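Student: Just passing along the structure, written as structure tokens.
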Amino acid sequence: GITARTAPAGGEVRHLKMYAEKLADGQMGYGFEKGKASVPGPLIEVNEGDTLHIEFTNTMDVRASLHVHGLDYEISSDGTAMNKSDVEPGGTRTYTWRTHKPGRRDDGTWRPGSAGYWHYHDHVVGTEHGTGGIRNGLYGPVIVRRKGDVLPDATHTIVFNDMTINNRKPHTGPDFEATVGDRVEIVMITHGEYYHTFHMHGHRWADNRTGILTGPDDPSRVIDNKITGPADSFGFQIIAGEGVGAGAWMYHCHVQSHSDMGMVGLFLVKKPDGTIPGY
Amino acid sequence: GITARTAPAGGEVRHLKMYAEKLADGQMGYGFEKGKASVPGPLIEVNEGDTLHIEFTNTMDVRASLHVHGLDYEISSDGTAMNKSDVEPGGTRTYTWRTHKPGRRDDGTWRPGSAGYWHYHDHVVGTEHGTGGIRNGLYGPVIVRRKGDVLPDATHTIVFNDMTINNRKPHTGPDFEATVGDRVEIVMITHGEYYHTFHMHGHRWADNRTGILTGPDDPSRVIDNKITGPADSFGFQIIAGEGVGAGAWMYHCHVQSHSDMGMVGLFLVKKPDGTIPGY
Amino acid sequence: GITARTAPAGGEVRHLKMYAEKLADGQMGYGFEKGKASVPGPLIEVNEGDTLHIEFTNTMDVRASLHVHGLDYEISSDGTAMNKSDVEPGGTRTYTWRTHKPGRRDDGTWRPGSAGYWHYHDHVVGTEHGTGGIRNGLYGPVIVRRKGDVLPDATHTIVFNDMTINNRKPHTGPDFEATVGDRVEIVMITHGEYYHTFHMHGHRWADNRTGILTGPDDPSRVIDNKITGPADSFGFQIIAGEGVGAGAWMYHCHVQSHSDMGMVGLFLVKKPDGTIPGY
Ligand SMILES: [Cl-]
Ligand SMILES: [Cl-]
Ligand SMILES: [Cl-]
Ligand SMILES: [Cu+2]
Ligand SMILES: [Cu+2]
Ligand SMILES: [Cu+2]
Ligand SMILES: [Cu+2]
Ligand SMILES: [Cu+2]
Ligand SMILES: [Cu+2]
Ligand SMILES: [Cu+2]
Ligand SMILES: [Cu+2]
Ligand SMILES: [Cu+2]
Ligand SMILES: [Cu+2]
Ligand SMILES: [Cu+2]
Ligand SMILES: [Cu+2]
Ligand code: NA
Ligand code: NA
Ligand code: NA
């Protein structure tokens, strides 16, 4: 980053409301507002050092919770039945998530920071591991930025949940749109029973923390295909159409029967006039 | 590299013919020449910056195509039905693949290069994801070298395709031979329905782009076992017999029922007299 | 490491006895002493450069062997039937494992060292790939330290073997205990038929060789969840309770039906008084 926007230093205390609700079709979703729950749940993005107090309200008729990966939380914000941190029907509970910068410990070793592509989901609906909650749609992305991380034009969330993308019916996307040159960020999460392989036509990224190479010294494999299993999360940024131009670029699971059965979407990269060649 | 051979700078325009054909036993393969199709298809190796024009002819009675991972291609060389870039029976089409070196963008960020271990396969036989084509043998390796990359004595391709290695019958290899000290390159690709774990006796490599460490600063895990799923590709170089001597060194999938059912081969490392201890 | 303990330079010749024995319940385990076999087998830890002569005795009524990952061994210590290096019932055989430091080769390239998290297991019980042996419990961890590697307070071994952790009945752990601040090392190995995803509540590590970052330049993804398949091994160190405090922190496979069916344990992090909040 030299003219691209980059993340500032963190350290703010932030407050926020979340709700779990039952949707009309039988699914379950999180939202920042009652009546506006989505699957996947809304993106939460913070900077290393930020603290997040989430006033969580369960509007459903069964117990539910909020469990996060990667971020610092005390055992009281575990989101599990065992540690008494789930939420009764109609109830409200404040979960606290903290994040930290990396740095030297007293023993001379290097403490990793919280930065990365993470996620949150339910841990008590259906089973004490949230199997029913997760299947129904109680999951969502969390991004933690390091000071200096490159910021994108837009962020899209792709979740392989059992045999669905984002709980959608087979062969219904989702599709995403960009213009040639856009800096597009993808957050890729997997849930459920199955392993998958995420693949994008026409684009590639680094298999490291940020999905991008800092410079010529980073030996990370550059890839366009990645095996994932339940609760894996990673993310990356690509320049839409870079070196390849506009087009209807497929992304899909590359497990042959999964793509055949509907785990396919389109990354629609447009020319400025909005047209897509071959579409 | 200081006395080992290394890749030169790229930037040549290269031309090439390929064919897809039906084989007598019902399989399908690619070749550089009619009558000389193989499974896996022939290796394509280029240097970062090279352009490749492939005059592709489909000699089969069903539509077929050429789809590549990792390399730059415009949407017209997608190799998909949707983007009208497959090929009618008897037809001919010119696919263009480009590659680029890494470098700084105008925004100050670092663009990754095309270098890596990649692959090509069919995308329209049987299904619009090439399920039948891939099952029948329409796949092959592509290597893109960075300026300065270490070159091997020989390159072998190992493809785990469903429950087969290189579409072979159970317990029929393939086997590869080397002499103690040879620099051997492996390109490892997976296709089909199943996850696998690739394992080599007596040898190990780095889990990064090239499979080798540049020096003492590379923190990449050194491994001898790697989980893979459909359309994953990686590669590496080993010094045959280094620190372990000659021998019939097994490689196999480490999923227990897969090795039991025939996903096993031999890396035959010979003494100069050509003998193998214990073989 | 500056006040933390670190590994010394290696290069010692070490001797050791091992036994394979049948256990009263029908399982099979390795031990350093007859009558003290365990599943997992005892940890073997050496420094880069060490040589290890293992006088192995098979006390069982069927042929058995010792096969190691990662370490240097000549073909006579392969532990396979093919290379005549298994052991008859009642027999004794000396296996030799060597290890080496990294360094420059004559050709100018960088030879990787043996350092890493590895493992050993049987290769001839039940099948010529040790399927019965492995299922019955013939597996164990091996750690090879690089000069300067940070040493932990304690090392725990977690093995996902088919649908079990360490061959235990569903929902019986194992559990591990630590005090807030302890440097805890985990060695994580997978065996059998299935892919898994290892997950720890409240803690995270680097996806590289040592599981820790050297400093600010290491671009490795920091994770709390990792997909694994048969014969994969990795390890890492965490500071128990760092930034999160005491508590009954779950670890489990994150494949939903696996956690539901019993692949769960507890990392019990205590305050100095020995108490755990919420437990
Ligand atoms: Cl989205
Ligand atoms: Cl080959
Ligand atoms: Cl243990
Ligand atoms: Cu959990
Ligand atoms: Cu899939
Ligand atoms: Cu593709
Ligand atoms: Cu989770
Ligand atoms: Cu595709
Ligand atoms: Cu396999
Ligand atoms: Cu082995
Ligand atoms: Cu593909
Ligand atoms: Cu083996
Ligand atoms: Cu599992
Ligand atoms: Cu968790
Ligand atoms: Cu093994
Ligand atoms: Na934000
Ligand atoms: Na070439
Ligand atoms: Na020791």
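Student: What gaps in nm, shortest first, separate C:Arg105 from its twins in the other copies when you place the label 7 Å past Cα toward the beta carbon?
Tutor: 3.7, 3.7
Student: Quote the FRET efficiency, to the nearest 0.05, computed for C:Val13 versus C:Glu193 with a Förster distance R0 of 56 Å and r equal to the Cβ-Cβ distance. Numbers along the way, then the final one.
Tutor: Values: r = 38 Å, r/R0 = 0.69.
Efficiency at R0 = 56 Å is approximately 0.90.
Student: Residue by residue through region C:170-177, what is 3J(HN,Hα) from phi via Karplus (6.51 cos²θ - 1.76 cosθ + 1.60, θ = phi - 60°)? Round to whole Hz and write x for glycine and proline.
Tutor: Rounded to whole hertz, the list is x, 6, 10, x, x, 10, 10, 10.
Student: Further question: Output the relative contact order of chain C, whole-number percent, from Cα pairs under 8 angstrom with separation of 6+ residues. Each step should come with its number before you reach the end.
Tutor: Details: 727 pairs, mean separation 45.7, N = 279.
Once normalised by length, the contact order is 16 percent.
Student: In Å and from the alpha-carbon atoms only, list the Rg and Dmax of the protein assembly as shown.
Tutor: 26.4, 80
Student: Can you list the copy-to-copy distances for A:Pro89, using a point 7 angstrom from Cα toward Cβ, in nanometres, shortest first?
Tutor: Once sorted, the set of distances for A:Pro89 reads 6.2, 6.2 nm.
Student: Additional query: Nearest 5 is fine: what % of DSSP beta bridges in the protein assembly as shown come out antiparallel, could you say?
Tutor: On the way: 147 of 222 bridges.
DSSP beta bridges in the protein assembly as shown are roughly 65 percent antiparallel.
Student: In Å and on Cα atoms, what radius of gyration and Dmax does region A:1-149 show?
Tutor: In order Rg, Dmax, the Cα atoms of region A:1-149 give 16.4, 55 Å.
Student: Using the Karplus curve 6.51 cos²θ - 1.76 cosθ + 1.60 with θ = phi - 60°, what ³J(HN,Hα) values do you get for each residue of region B:255-261, in whole Hz, with x for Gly and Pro?
Tutor: Running phi through 6.51 cos²θ - 1.76 cosθ + 1.60 with θ = phi - 60° gives 4, 4, 6, 6, 5, 4, 8 Hz.
Student: Now for a different question. By counting other Cβ atoms within 10 Å of each Cβ, how are A:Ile238, A:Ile276 ranked from fewest to most? Could you put the intermediate results ahead of the total?
Tutor: Details: A:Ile238 23, A:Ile276 18.
Going from least to most buried by this count: A:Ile276, A:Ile238.
Student: Between rounded, prolate and oblate, where does region B:150-279 land on the alpha carbon gyration tensor, with a ≥ b ≥ c its root eigenvalues, rounded for a/c under 1.5, else prolate if a/b exceeds b/c? Spell out each step's value before the answer.
Tutor: Numbers: a/c = 1.89, a/b = 1.12, b/c = 1.69.
Judged from the Cα gyration tensor, region B:150-279 comes out oblate (a/c at least 1.5, b/c at or above a/b).
Student: To check you understand DSSP bridge types, tell me what percent of the beta bridges within region A:1-149 (both residues inside) are antiparallel, rounded to 5. Show your work: numbers first, answer last.
Tutor: Values: 24 of 36 bridges.
The antiparallel proportion sits near 65 percent.
Student: Taking amide H positions as placed in the peptide plane 1.01 Å from N, state which residues far from A:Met250 in sequence (5 or more) or on other chains have amide H under 5 Å from it.
Tutor: It is A:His201, A:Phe267, by chain and number.
Student: What are the ³J(HN,Hα) couplings of region C:219-224, residue after residue, when phi is run through the Karplus curve with 6.51, -1.76, 1.60 and θ = phi - 60°? Round to Hz, x for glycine and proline.
Tutor: x, 4, 5, 9, 9, 9
Student: Another question about this same structure. Could you tally the net charge around C:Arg105, taking each other residue with its Cβ under 12 Å from the Cβ of C:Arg105, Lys/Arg +1 and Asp/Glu -1? Intermediate values should be presented prior to the final figure.
Tutor: Working: positive: B:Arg183, C:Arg104, C:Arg111; negative: B:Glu242, C:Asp106, C:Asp107.
Spelling it out: positives minus negatives among the neighbours equals 0.
Student: Using the basic label-point model (7 angstrom from Cα toward the beta carbon), what is the B:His53 to C:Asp175 distance in nanometres?
Tutor: Computed distance between label sites B:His53 and C:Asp175 equals 7.2 nm.
Student: While we're on this one: For region C:150-279, what proportion of DSSP beta bridges, expressed in % and rounded to the nearest 5, is antiparallel? It would help to have the intermediate numbers written out before the result.
Tutor: Details: 24 of 37 bridges.
Beta bridges within region C:150-279, antiparallel portion: roughly 65 percent.
Student: So what is Rg over Rh here for chain A, counting just Cα atoms and using Kirkwood for Rh? Numbers along the way, then the final one.
Tutor: On the way: Rg = 19.3 Å, Rh = 19.8 Å.
That ratio equals 0.97.
Student: Same structure again: Between region B:206-279 and region C:212-232, what is the C-alpha centre distance in whole Å?
Tutor: Between the Cα centre of region B:206-279 and that of region C:212-232, the gap is 22 Å.
Student: At most 15 other Cβ atoms within 10 Å and a DSSP loop assignment: could you name the GluC sites (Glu not before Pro) in region A:5-100 that fit?
Tutor: Numbers: sites: A:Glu12, A:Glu21, A:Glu33, A:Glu45, A:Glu48, A:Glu55, A:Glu74; in loops: A:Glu12, A:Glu33, A:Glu48, A:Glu74.
Listed in order of number, the matching sites are A:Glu12, A:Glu33.
Student: Check which residues have an amide H placed less than 5 Å from B:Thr157's amide H, if you skip close sequence neighbours.
Tutor: B:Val187
Student: Here's something else I'd like to know. What residues have an amide H closer than 5 Å to that of A:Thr179, excluding those fewer than 5 places away on the same chain, when H is modeled at 1.01 Å from N in the peptide plane?
Tutor: Here A:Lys270 satisfy the definition.
Any read-out appearing in this document is the output of simple, stated calculations on the displayed coordinates, not a laboratory observation. Positions of Cβ are backbone-derived with ideal geometry, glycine not excepted, and every protein chain shown enters the neighbour counts.
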